[PDB]
Structure formats: structure tokens, C-alpha cells
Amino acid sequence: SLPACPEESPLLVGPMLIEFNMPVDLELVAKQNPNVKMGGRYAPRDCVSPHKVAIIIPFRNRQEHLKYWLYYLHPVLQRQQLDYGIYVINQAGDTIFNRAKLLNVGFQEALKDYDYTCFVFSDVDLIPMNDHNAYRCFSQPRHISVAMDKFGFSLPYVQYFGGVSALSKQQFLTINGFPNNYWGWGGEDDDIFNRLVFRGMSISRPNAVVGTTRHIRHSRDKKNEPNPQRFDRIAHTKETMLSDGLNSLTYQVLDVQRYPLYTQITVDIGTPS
């Protein structure tokens, strides 16, 4: 009986003011966002969204950034009329970080919850400044964080595909998901760009005004040093993507916590092999 949501949401108010200098109380955010259900799940009451979106955040030791993320994104995702859930993929242990492997985990685990057909991969410290910037999937892979304050409100290079992005289930599968062996900082986003290009796709983007994005200024994380093998790795994506990714992934889930505003999956993704 519920009709389809309008194709573009009429609830959008456009540009927004974003500030990171006050404290955030998640209990309060939960009260300001009463329609968000346990585990950070929301679909609209009045219409059926065609967008079944799992939002996937790679994570370790960024609780403060995360509270800001939840405070800003949650009202925006409801105005966009999405059928969505938030997944924070928490890396167990204190060995070298692996951003892309955590993303793969999030894809695979979120599918166990619900028939998601769209995946948004979002770093924890990026907040969109304009709710016209749609956090859902298109017929090509979507790069969302296109105009970040830290790159002067434009793309750092035209093939940049870091920060926030959205792939439909079919696009993510078509590239065998993300690489598992980018350990430490950098390059895995370029590798993923390569993968899309090698499977016949191109990058869809909003314009630079709608795509405006703030990055929470923060200092360097321990245990995520620039990976010095990144430049070699990106040069060989075409060959490696064939057998590195979804089809070579294992991990061990240690703990699943359903909090009011998000599901946190704590996972042992191991160390380099």
C-alpha cells in the first residue's frame, strides 16, 4: 500500500552550517532523532524508498569524530528519505590499520542484516555541507565527498575517489569488492578507482557546490603509517583484483553491539600475510 517516495526528496533544505567546536551527547542526539530505531536504522513512515542503503564506516579510536558524524548525518539521511542503517566497523587490536579490508567486512556483514542494495563507504571525519548531496547509489559508482575543505573545496586530482563514496551491490560485486592488502595509509582508494575503470565504469559526482564537505581537523593516528608499497600496488590492480578482495576475504567477528544510533561490529582482520 505505501506509495514510492518522490524521486527527489522534497524535505531537503540545501546548504547547512557545520561546526566541530562544541560537545555532543549521543543520548541527546538519540532524543533529537526519535524515528531512528535500535542499531541506527530508519526507513520513512510515509513512502517506500527505492534506496536500501547500508552506510559503512571504517573505524578505530575515533569516538569523538563519530559522535559528530552521527549528529550531522542522521538528520540528513532522514531528509533524503533513505531506507538506511549505520555500520561502524571497529578494528580489534592495535596492529597496523586496514581501511579497505574493514569496508569489505562491512559490506559482507551488513548483508546479513537486511537486503541492502546500495553501500555508502564513509570515513568517520567527513560531514557533507549540503543535503542535496545524495548518500545513495546511482547507475555508476558515485563519488560523494567531491569538494572537501582540506583540498580547497575541489578535487585534489580528477581520479580521486577517497573519503565518501557509494556503490550499488552490483557494482561492488563486479569489482570483487575492495583490496584486502593495503595495510596502513594510502592508495587503496586509487586501487578501487582502478578497479571501477577496469570493469567498464566511470565516476558519477555531484557538482562542487553541492558536493561541499568538511573534514574534522585531527592529528596523525598511530598504527596507520603511509604504506610504502602503495605505489607498486596501484600499478598492478588489473591483475590483482582478480583474486584479491571479496573472493579472498576472511575475518573473525568478535562482538556486535546494537547502539541506538548505530551498529558497531568489532572484528579481527588480522595482520599482513
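Between two forms, the rigid core is the largest collection of C-alphas that superpose within 1.5 Å. The numbering used is simple: start at 1 and walk along the sequence shown.
With 181-189 and 135-143 as candidates, the stretch whose CA atoms show the greater average offset from this form in 6 other deposited structures of this protein after a core fit is 181-189. Remark: when the other structures in 6 other deposited structures of this protein are fitted onto this one via the rigid core, 231-239 deviates more than the alternative among 52-60 and 231-239, judged by RMS CA distance. Across the other compared structures of the same protein with both neighbouring residues present, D244 carries coordinates in every case, with no third of them leaving it out. Per the records, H65 is modelled in every other compared entry, just as the shown structure includes it, so no third of them leave it out. The mean C-alpha temperature factor is higher for 27-35 when 27-35 and 53-61 are set side by side. Of the two stretches examined, 62-70 and 217-225, the record assigns the greater average C-alpha temperature factor to 217-225. Looking at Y160, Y116, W185, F107, the one whose CA carries the top B-factor in the deposited record is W185. Taking the PDB entry at face value, the top CA B factor among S165, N176, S168, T95 belongs to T95. For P44, the recorded CA temperature factor ranks within the highest third of the chain's modelled residues. Residue-level temperature factors show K112 in the highest third of its chain, judged at the C-alpha atom. Split the chain's modelled residues into thirds by C-alpha temperature factor. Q252 is in the middle one.
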